[PDB]
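Below you'll find only one chain, the form deposited in one PDB entry, shown as C-alpha cells.
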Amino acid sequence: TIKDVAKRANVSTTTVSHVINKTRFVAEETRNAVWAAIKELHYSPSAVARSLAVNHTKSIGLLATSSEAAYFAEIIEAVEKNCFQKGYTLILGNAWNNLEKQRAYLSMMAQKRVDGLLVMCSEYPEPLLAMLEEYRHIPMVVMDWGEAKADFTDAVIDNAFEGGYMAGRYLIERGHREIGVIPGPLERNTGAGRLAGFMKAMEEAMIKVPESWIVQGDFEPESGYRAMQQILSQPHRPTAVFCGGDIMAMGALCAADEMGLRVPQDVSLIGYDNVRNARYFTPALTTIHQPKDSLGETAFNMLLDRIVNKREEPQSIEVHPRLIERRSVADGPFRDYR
C-alpha cells in the first residue's frame, strides 16, 4: 500500500517513507503531495512491515499472574501509562501461576518479538526460573522478588521485610502484646517477606506468637474472612492483628463485624498495601503503603534502558514501603507502661 501512495504522488516509495518518518529532507511540494495521497488513500502504514525491516516491535510484554486484584490492577495501570508515554504497546498476559500457561504466554511473546519483558509471576519455582533463563536473550525485569534470584534480569526490590517490621513495631508502640497474623502465601515475597519482617519486630520485643494466632491467607477477601474468624473464634484472642494484604484485610473486617466485634475497639487491625480504596474501608484502614506506581515506572525504566542503551549487566533498584495511619488501630493495654 505504500506503493499505492507513491504512485498517486508520483514519487518513489523511498520518498514516501522518508516524508512519513522525516528521515531526510523533502521538498515542500513533494511532502504535501505525499500527505495528500496519504490522505485520500486513507493510508495506515503497517507496523508489522516496519518491525520486520527495523527489527523491533516497540511493544512490551507483561507476563503477570492475575489482573483483577487491586494490588495487581494498580501496578499494571501504571505500567500502561509509561508504555503509552514512550510510545510502547502493552501486551498483557496472565499466567495464573500456571507453568503451562506460563510456558505458553512466554513463547507467544518471544514469537511476537516483544522488545522487552515485564515479569510478575508471584511464585518462582525452579522450573519457572529455568524457562525464564531460556529467554535471557529477550531483555526483561522481574518486579516481584525480594532479592535478585538470578543474574540474567533486572529486579526492582520492595523491602517487604522492612515494611513487615514497620507494622509490628507500630503495634508494639501502640500498647499491643497479644497479636495475630494472617500472612499471604509463603511462596511469595509479599507473603514470606512481610511476615518475617514482622516476626523480627516481635522477637526483638520478646513477644511470642502462639501458632494458633497465625493463619495463612491467599490475598483474597475470603481468606481474610476465614482467618479472622478462626482467630477470634477462640478462647483466648489477640488484641491486634497484622493482616498481610489490604484485601484480605477487608475480609477480616467483615467477619469481625459479623461476630459483632468492634474495630478497632474490640480488635485493632493493620493491613498492608495501601490499595486505592483502603481509606474507604470501614473503618479507614491503617496500613503499610507500597509504592505501586514508582514500582511500575521504575521497572519500565530499567527495561527501557537495557533496551535502548543496550545494557547487559543486571541491575536492581530498591523501593520503600511506608506507614499510613488511618483508623483501624487503637492503643493497647501496655501503652501507658512505656
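Superpose the two forms; the largest set of C-alphas matching within 1.5 Å is the rigid core. So that there is no doubt, residue numbering starts at 1 and follows the sequence shown.
Just so it is clear, the following notes concern the form deposited in another entry, a form of the same protein that is not shown.
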query = Once you align the rigid core, which of 161, 213, 170, 71 turns out to move its Cα at least 2 Å between this form and the one not shown?
reply = 71
request  = Spell out whether the Cα of residue 231 moves at least 2 Å between this form and the one not shown when the two forms are superposed on their rigid core.
outcome  = no
task = For residue 289, decide whether the Cα shift between this form and the one not shown is 2 Å or greater, given a superposition on the rigid core.
result = no
Displaced residue check between this form and the one not shown: residue 300, CA, 2 Å or over, core reference = yes
request  = Report the direction of the Cα distance change between residue 219 and residue 70 in the other entry, compared with the displayed form, as closer or farther; the change is 3 Å or more.
outcome  = closer
key: Direction of C-alpha distance change in the other entry, residue 144 to residue 218 (at least 3 Å)   = farther
